[PDB]
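For reference, target_5.cif (mmCIF, C-alpha atoms):
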data_my_file
#
loop_
_atom_site.label_atom_id
_atom_site.label_comp_id
_atom_site.auth_asym_id
_atom_site.auth_seq_id
_atom_site.Cartn_x
_atom_site.Cartn_y
_atom_site.Cartn_z
CA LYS Y 1 32.59 77.10 18.99
CA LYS Y 2 33.22 75.58 22.42
CA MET Y 3 36.93 76.45 22.49
CA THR Y 4 38.80 76.00 19.21
CA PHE Y 5 42.27 76.50 20.72
CA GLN Y 6 43.90 78.09 17.66
CA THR Y 7 47.20 77.29 19.37
CA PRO Y 8 47.37 75.48 22.76
CA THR Y 9 49.89 76.99 25.18
CA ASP Y 10 50.71 73.59 26.68
CA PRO Y 11 48.71 73.25 29.95
CA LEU Y 12 51.74 72.88 32.22
CA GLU Y 13 50.93 71.63 35.72
CA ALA K 1 66.55 67.72 -24.35
CA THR K 2 64.13 68.74 -21.60
CA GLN K 3 64.36 65.21 -20.20
CA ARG K 4 68.10 65.54 -19.61
CA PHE K 5 67.86 69.23 -18.72
CA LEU K 6 65.36 68.31 -16.01
CA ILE K 7 67.91 65.97 -14.44
CA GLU K 8 70.90 68.18 -15.20
CA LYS K 9 69.00 71.14 -13.74
CA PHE K 10 69.87 69.65 -10.35
CA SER K 11 73.65 69.49 -10.85
CA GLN K 12 74.22 72.31 -13.39
CA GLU K 13 73.99 75.93 -12.13
CA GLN K 14 73.78 75.92 -8.34
CA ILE K 15 70.91 77.88 -6.79
CA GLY K 16 71.70 81.06 -4.95
CA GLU K 17 70.70 84.07 -7.03
CA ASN K 18 70.22 86.02 -3.80
CA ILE K 19 69.29 83.31 -1.40
CA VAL K 20 69.96 83.79 2.27
CA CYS K 21 68.89 80.51 3.82
CA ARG K 22 66.91 77.45 2.70
CA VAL K 23 64.35 75.78 4.96
CA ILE K 24 64.02 72.01 4.57
CA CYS K 25 61.63 69.88 6.64
CA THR K 26 63.31 66.59 7.55
CA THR K 27 60.26 65.16 9.33
CA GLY K 28 58.35 65.35 6.06
CA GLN K 29 55.50 67.78 6.71
CA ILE K 30 56.23 71.11 5.02
CA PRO K 31 57.49 71.59 1.42
CA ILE K 32 61.01 72.95 0.97
CA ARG K 33 61.33 76.68 0.27
CA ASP K 34 64.06 79.23 -0.46
CA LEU K 35 64.55 82.33 1.68
CA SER K 36 66.36 85.25 0.06
CA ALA K 37 67.50 88.80 0.47
CA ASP K 38 68.92 91.38 -1.94
CA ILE K 39 72.64 92.01 -1.49
CA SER K 40 72.38 95.60 -2.70
CA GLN K 41 69.75 96.26 -0.07
CA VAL K 42 71.83 94.60 2.65
CA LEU K 43 75.09 96.20 1.54
CA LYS K 44 73.40 99.57 1.01
CA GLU K 45 71.20 99.33 4.10
CA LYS K 46 73.46 98.99 7.15
CA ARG K 47 70.82 99.22 9.88
CA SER K 48 69.66 96.97 12.72
CA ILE K 49 68.11 94.42 10.36
CA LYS K 50 67.51 93.95 6.63
CA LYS K 51 64.92 91.27 5.84
CA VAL K 52 63.12 88.86 8.15
CA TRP K 53 61.05 85.75 7.42
CA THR K 54 57.98 84.68 9.35
CA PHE K 55 57.13 80.98 9.50
CA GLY K 56 53.98 79.25 10.70
CA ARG K 57 50.52 77.95 9.81
CA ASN K 58 49.58 81.43 8.57
CA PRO K 59 49.15 81.91 4.78
CA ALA K 60 50.72 85.33 5.27
CA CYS K 61 53.78 83.97 6.92
CA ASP K 62 56.79 83.89 4.65
CA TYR K 63 56.58 80.13 5.30
CA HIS K 64 53.35 78.14 4.96
CA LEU K 65 53.39 74.94 7.01
CA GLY K 66 50.80 72.17 7.01
CA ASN K 67 48.29 72.58 9.84
CA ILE K 68 49.41 71.75 13.38
CA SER K 69 47.43 73.13 16.32
CA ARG K 70 50.63 72.87 18.36
CA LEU K 71 52.07 75.53 16.05
CA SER K 72 51.05 79.20 15.84
CA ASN K 73 50.16 81.27 12.74
CA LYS K 74 53.71 82.57 12.84
CA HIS K 75 55.53 79.93 14.84
CA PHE K 76 59.00 81.26 14.15
CA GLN K 77 60.76 84.13 12.37
CA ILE K 78 64.22 84.48 10.79
CA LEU K 79 66.10 87.78 10.49
CA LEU K 80 68.99 88.66 8.18
CA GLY K 81 71.41 91.53 8.73
CA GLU K 82 74.02 92.56 11.29
CA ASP K 83 76.97 92.08 8.93
CA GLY K 84 77.46 88.76 7.17
CA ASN K 85 75.61 86.24 9.32
CA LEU K 86 72.05 85.14 10.09
CA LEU K 87 69.77 85.19 13.12
CA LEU K 88 66.84 83.01 14.17
CA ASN K 89 63.89 84.54 16.01
CA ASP K 90 61.32 82.28 17.63
CA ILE K 91 57.74 83.60 17.68
CA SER K 92 55.51 80.68 18.64
CA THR K 93 52.80 80.59 21.28
CA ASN K 94 54.26 77.40 22.77
CA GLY K 95 57.90 77.92 21.82
CA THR K 96 60.55 77.16 19.22
CA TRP K 97 63.22 74.48 19.57
CA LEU K 98 66.76 74.17 18.32
CA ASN K 99 68.15 70.63 18.09
CA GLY K 100 66.09 69.61 21.11
CA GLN K 101 67.05 72.73 23.05
CA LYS K 102 64.27 75.25 23.55
CA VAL K 103 65.35 78.85 22.93
CA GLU K 104 63.96 82.10 24.31
CA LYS K 105 60.94 83.29 22.32
CA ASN K 106 61.25 86.47 20.23
CA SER K 107 64.98 86.13 20.86
CA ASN K 108 67.80 86.45 18.33
CA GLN K 109 70.24 83.55 17.99
CA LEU K 110 73.31 83.00 15.83
CA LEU K 111 72.39 80.73 12.92
CA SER K 112 74.12 77.39 12.52
CA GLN K 113 75.20 75.39 9.47
CA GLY K 114 72.46 72.95 8.55
CA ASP K 115 70.81 73.92 11.84
CA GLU K 116 67.40 72.50 12.71
CA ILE K 117 64.39 74.03 14.46
CA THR K 118 61.81 71.89 16.24
CA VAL K 119 58.28 73.10 16.94
CA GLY K 120 55.03 71.92 18.48
CA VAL K 121 56.60 70.53 21.62
CA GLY K 122 54.43 68.94 24.25
CA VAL K 123 53.70 65.49 22.92
CA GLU K 124 56.36 63.16 21.52
CA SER K 125 53.92 62.50 18.69
CA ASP K 126 53.10 66.18 18.15
CA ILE K 127 56.52 67.62 17.48
CA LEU K 128 57.72 68.81 14.08
CA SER K 129 61.32 69.46 13.04
CA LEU K 130 62.78 71.74 10.42
CA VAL K 131 66.28 71.99 8.94
CA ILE K 132 67.88 75.24 7.81
CA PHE K 133 70.45 75.28 5.01
CA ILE K 134 72.74 78.28 4.58
CA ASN K 135 73.67 79.31 1.04
CA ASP K 136 77.45 79.05 0.67
CA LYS K 137 77.33 81.36 -2.35
CA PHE K 138 75.58 84.07 -0.35
CA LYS K 139 78.13 83.80 2.46
CA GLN K 140 80.89 84.37 -0.10
CA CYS K 141 79.49 87.77 -1.08
CA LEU K 142 78.68 88.75 2.50
CA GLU K 143 82.07 87.46 3.66
CA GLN K 144 83.77 90.10 1.52
CA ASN K 145 81.11 92.74 2.23
CA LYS K 146 82.88 94.95 -0.31
CA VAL K 147 81.21 97.04 -3.01
CA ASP K 148 82.15 95.57 -6.39
CA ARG K 149 83.24 98.93 -7.80
CA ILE K 150 86.00 97.37 -9.89
CA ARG K 151 85.66 97.82 -13.65
#
Show how you would write the structure in this file as structure tokens.
Amino acid sequence: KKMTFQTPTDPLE
Amino acid sequence: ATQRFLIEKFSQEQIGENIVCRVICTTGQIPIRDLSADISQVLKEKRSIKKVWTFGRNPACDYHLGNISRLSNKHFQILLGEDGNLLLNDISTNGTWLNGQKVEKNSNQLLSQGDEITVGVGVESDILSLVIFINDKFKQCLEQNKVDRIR
């Protein structure tokens, strides 16, 4: 599965 | 006659049997749909809210989009009630946008005429816009908000 980001939360940085 | 009726069907009787608001994607991604609420239920039920629509990539959602990771199952939700107006409730994991202006999630906002909601913000190439069309016919009935008890 690794990391199937169902919905990315925008990696703000 | 069906040939002409098919064309005439567009101009003839205007749609709005009990339609609240119509969602139309201008960016060309999601198929147009018609949101509606029963007047009797709204006029009879004078509570906090009447009927609310949930939009997103979820097949449950009152609105089924295409398939954008930037969007959540239920990216946004629309509520109908109060009195004779409409409210827009964002419910996305990343956020819901209004004409380029990001609004507060799970927050109620006063609907706008032909308003537009943008979603999937983060990448200029990963944003999707949506246009909301308010039914003039519906507003007419709600505008009066009077029980048609006249025989």
Legend entry - Given only C-alpha atoms as the counted atoms, nearest of K:144, K:73, K:135, K:89 to chain Y: K:73
Inset, instruction - Give as a ChimeraX atom specification the residues that the PyMOL selection byres ((chain Y and resi 6) around 8) matches when applied to the coordinates above. - result: /Y:4-5,7-8 /K:69,72
Inset, instruction - Using the chain letters and residue numbers of this document, give as a list in words the residues selected by the PyMOL selection byres ((chain Y and resi 12) around 12). - result: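 Given this file, the PyMOL selection byres ((chain Y and resi 12) around 12) evaluates to residues 8, 9, 10, 11 and 13 of chain Y; 94, 121 and 122 of chain K.
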With C-alpha atoms retained, write the just-selected residues as a compact mmCIF listing (two decimals), keeping the file's coordinate frame.
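Saved as part-v7.txt:
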# COMPACT_ATOMS: atom_id res chain seq x y z
CA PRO Y 8 47.37 75.48 22.76
CA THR Y 9 49.89 76.99 25.18
CA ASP Y 10 50.71 73.59 26.68
CA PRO Y 11 48.71 73.25 29.95
CA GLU Y 13 50.93 71.63 35.72
CA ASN K 94 54.26 77.40 22.77
CA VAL K 121 56.60 70.53 21.62
CA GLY K 122 54.43 68.94 24.25
Inset, instruction - Please return, as a PyMOL selection string, all residues of chain K lying within 12 Å of chain Y when only C-alpha atoms are considered. - result: chain K and resi 56-58+67-75+92-95+120-123+126
Inset, instruction - For residue K:53, list every protein, DNA or RNA residue within 8 Å, evaluated using all atoms listed in the file, and leave out those in the same chain fewer than 6 positions away; present the list as JSON, numbers by chain. - result: {"K": [35, 61, 62, 63, 77, 78, 79]}
Using all atoms of stretch 134-147 of chain K that appear in the file, construct an axis-aligned enclosing box with 4 Å of padding on every side and provide its centre coordinates and edge lengths in Å, rounded to one decimal, as JSON.
{"center_x": 78.3, "center_y": 87.7, "center_z": 0.8, "size_x": 19.0, "size_y": 26.8, "size_z": 15.6}
Inset, instruction - Would you translate the PyMOL selection byres ((chain K and resi 105) around 7) into the concrete set of residues it matches in this file, as a list in words? - result: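 Here the PyMOL selection byres ((chain K and resi 105) around 7) matches residues 90, 91, 95, 96, 103, 104, 106 and 107 of chain K.
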Legend entry - Distance of atom CA of residue K:14 from atom CA of residue K:2, expressed in Å to one decimal place: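 Atom-to-atom, atom CA of residue K:2 to atom CA of residue K:14, that is 17.9 Å.
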Inset, instruction - In Å, rounded to a single decimal, give me how far atom CA of residue K:26 is from atom CA of residue K:116. - result: 8.8 Å
Legend entry - Distance of atom CA of residue K:24 from atom CA of residue K:50, expressed in Å to one decimal place: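 Between atom CA of residue K:50 and atom CA of residue K:24 the gap is 22.3 Å.
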